[PDB]
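>>> Sequence plus experimental coordinates follow:
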2 protein chains.
Amino acid sequence: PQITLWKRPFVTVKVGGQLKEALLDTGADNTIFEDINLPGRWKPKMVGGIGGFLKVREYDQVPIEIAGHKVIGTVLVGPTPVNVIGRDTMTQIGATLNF
Amino acid sequence: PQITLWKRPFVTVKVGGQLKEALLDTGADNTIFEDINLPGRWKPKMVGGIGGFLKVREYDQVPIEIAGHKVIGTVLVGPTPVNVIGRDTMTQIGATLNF
Ligand SMILES: COc1ccc(S(=O)(=O)N(C[C@H]2CCC(=O)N2)C[C@@H](O)[C@H](Cc2ccccc2)NC(=O)O[C@@H]2C[C@@H]3CCO[C@@H]3C2)cc1
């Protein structure tokens, strides 16, 4: 699709076998969800946003179904107020900014 | 341009007559700079994201140029770790996210 930016750009994704909604965020390096169940082991990570740092669990090499593609990669989980799809995921579906 | 997202999507931006750089950020509602000085009065605003909240300085009616498109927009000034171009400004230059 071509997404204009008059409203927040949300997409539906499947993660952990559940349908979730997340914000396409080209200013986020990483993909971050709250309240989901990922496979495998995780390691602790801290992420620094506009207001300070956030403690998360990092799950490497897990699947996200997004834009009709299986993307395997890193997903962070923590008490973010909004689920976000970052560049780590968007590069795998060939997303671009066009201006 | 059509840019990919393997690196952070910084663009050159002229804001209030100063040459700066900022991230094209689809997850940002508004444009926020840390390293500019805009003249006159300002309205206080609170904004929030990962890690917490910050107080910013709302400056109204500010000239902004990106990739040759000159627009007049709202710019927030505050202690953001990285300058961001938000959706308000991106809609004015006709930017889209594509996949
Ligand atoms: C009202 O206008 C604004 C309000 C908040 C923001 S924000 O910077 O907090 N943020 C809002 C996103 C996050 C929450 C939401 O619902 N939308 C814009 C983000 O793109 C932000 C922009 C950003 C802010 C601070 C540092 C780097 C980029 N990136 C970000 O938080 O990424 C996280 C932090 C980690 C560093 C970058 O990637 C890692 C994942 C920007 C404008």
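Noted; the coordinates are in hand. Residues are numbered from 1 along each chain as shown, chains lettered A, B, ... in the order given.
>>> what helices or strands is the strand ranked longest in chain A leaning on?
Longest strand in chain A by number of residues, with DSSP state E as the criterion: strand A:53-66. Applying 3 or more CB pairs under 8 Å, 6 or more residues apart in numbering or on different chains; DSSP states H and E, one finds that strand A:53-66 makes contact with strand A:10-15, strand A:42-48, strand A:69-77. C-betas here are computed from N, CA, C, even on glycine.
>>> is it true that residue A:90 touches residue A:24?
Yes - proximity of residue A:90 to residue A:24 meets the contact threshold set by CB atoms under 8 Å, at 6.8 Å.
>>> higher neighbour count, these two?
When residue A:90 and residue A:24 are compared on other CB atoms under 10 Å in any protein chain shown, the one with more neighbours turns out to be residue A:90, at 26 against 23.
>>> Identify the residue nearest the spatially most distant residue from the centre of chain A in space, chain neighbours excluded?
Ranked by distance from the centre of chain A (CA atoms, centre = their mean), the top residue is residue A:99, with 23.5 Å. Closest residue in space to residue A:99, ignoring its immediate chain neighbours: residue B:95 at 4.1 Å, by CB to CB, 6 or more residues apart in numbering or on different chains.
>>> Remind me which helix or strand the closest residue to the ligand within chain A belongs to.
Distance from the ligand to each residue of chain A (CB to the nearest ligand atom) is smallest for residue A:27, at 2.6 Å. In this structure, residue A:27 sits in neither a helix nor a strand according to DSSP states H and E.
>>> who's in contact with it?
B:8-9, B:23-28, B:82, B:84 (CB atoms under 8 Å, 6 or more residues apart in numbering or on different chains).
>>> Let's see the ChimeraX selection covering just the buried ones among the residues you listed.
Selecting only the buried members of the contacts of residue A:27 in ChimeraX, with burial defined as 16 or more other CB atoms under 10 Å in any protein chain shown, works like this:
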select /B:9,23,24,25,26,27,28,82,84
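>>> from what I can see residue A:31 touches residue A:72, true?
No - using CB under 8 Å, residue A:31 makes no contact with residue A:72, being 11.9 Å away.
>>> out of those two, which sits in the busier spot?
Set side by side, residue A:31 and residue A:72 show more neighbours around residue A:31, with 26 against 11, by other CB under 10 Å.
>>> picking up where we left off before, distance to residue B:62 added to the contacts of residue A:27, as CSV?
Shown next, in CSV, are the contacts of residue A:27 (distance: CB to CB, whole Å):
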residue, distance to residue B:62
B:8, 23
B:9, 21
B:23, 18
B:24, 17
B:25, 17
B:26, 21
B:27, 21
B:28, 16
B:82, 19
B:84, 15
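>>> Need the max-distance pair from the contacts of residue A:27.
The largest distance within the contacts of residue A:27, taken as CB to CB, falls between B:26 and B:82 and amounts to 14.5 Å.
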